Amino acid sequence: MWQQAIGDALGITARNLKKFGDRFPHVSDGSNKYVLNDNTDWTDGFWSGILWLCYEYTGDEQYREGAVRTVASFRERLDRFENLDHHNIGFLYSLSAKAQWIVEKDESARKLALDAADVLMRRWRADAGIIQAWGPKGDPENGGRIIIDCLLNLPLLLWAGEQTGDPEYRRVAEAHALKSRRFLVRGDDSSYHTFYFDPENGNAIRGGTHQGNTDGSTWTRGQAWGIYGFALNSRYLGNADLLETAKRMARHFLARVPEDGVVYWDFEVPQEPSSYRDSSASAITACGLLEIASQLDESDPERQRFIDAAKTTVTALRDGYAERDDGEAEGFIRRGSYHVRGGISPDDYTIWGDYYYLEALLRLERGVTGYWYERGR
């Protein structure tokens, strides 16, 4: 049921590793070829994650060799502080260094992840009670701005807190998650992409976006980050409110899935075939649904409902968006969208979409849950 889908991903990944060399895939731009970078974006960890997932599925050393090489690259990136002045250090290091620790208990990798967590920790702004998403401290326009994807960066901090015994990691993480729940999530279970607070006292200002159609719309990837993000934090914190919020956001998302099973880029624009899609949002959501289900009681009927919804989503992606390993294609799923409003790769491969698609497949086929937390916690 999932073996063939995984098979194509394995083949594409093996071919990619040889062609990419030491470079990292980010997004495609009008073709079936990825545009590469030298480990300088916020998405490099997804490549590492893909390699580790392929290794766990196959046991094939070629995938491990590639993943280990990316980890060495990440040590170099950290000790040079190259393009790490943002909150996505979790996306970058959880799926690379922490991943290696999770997979084979490499002490060197564990330390790298901890060093990275230390850097992310310094993004906390005590006066505003939030983790600053982008820019330098005191940033005139972004100093008190949070973005919903920060939820996916909290796992690195929560993991580090458990590893070190330092209570500050969990304190900042839970505070940020709760502030996100009150202000990023809406009363109809939809969500804002970003939210602005007063840098001096942390008081709420407004919600908005530079990516969603409008400040009050529902950017699907943002909703997806909320679904998986709140569920990951609920697991670490044992916070039933965060789990409830994840479920609410999931139901909102599911009620707006179009005919072919994969979402458009925003729920509040015409849900028409000529409009851009965001296969990555559906992939992220599939993982989030399975994560939520894993935290529900076996007697809870909604548990199987969420699992079935995840399966339906993965099947929809496989059937209408998945690339077959034809020796040319470099991505797992088509029609992801980076920045529709800016016209940047709006109908393309996205390395994060590929990672979540594969993670969903590994979850369904092997019970492999990715690298957001230790296996058995």
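Note that residue numbering follows the sequence shown and begins at 1.
Averaged over their C-alpha atoms, the temperature factors of 159-167 and 234-242 are higher for 159-167.
Higher mean CA temperature factor between 347-355 and 33-41: 33-41, per the PDB entry. The maximum CA B-factor among the listed residues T220, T194, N201, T214, taken from the PDB record, is found at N201.
If you compare the C-alpha temperature factors of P273, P258, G143, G288 in the entry, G143 comes out highest. Looking at the C-alpha B-factors along this chain, the one for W134 belongs to the highest third.
Ranked against the other modelled residues of its chain, the C-alpha B-factor of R80 as given in the entry falls in the highest third.
Among the modelled residues of its chain, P301 has a C-alpha B-factor that falls in the highest third, as given in the PDB entry. The PDB entry assigns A14 a C-alpha temperature factor belonging to the middle third of its chain's modelled residues. When the CA B factors of the chain's modelled residues are split into thirds, the value for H86 lands in the highest one.
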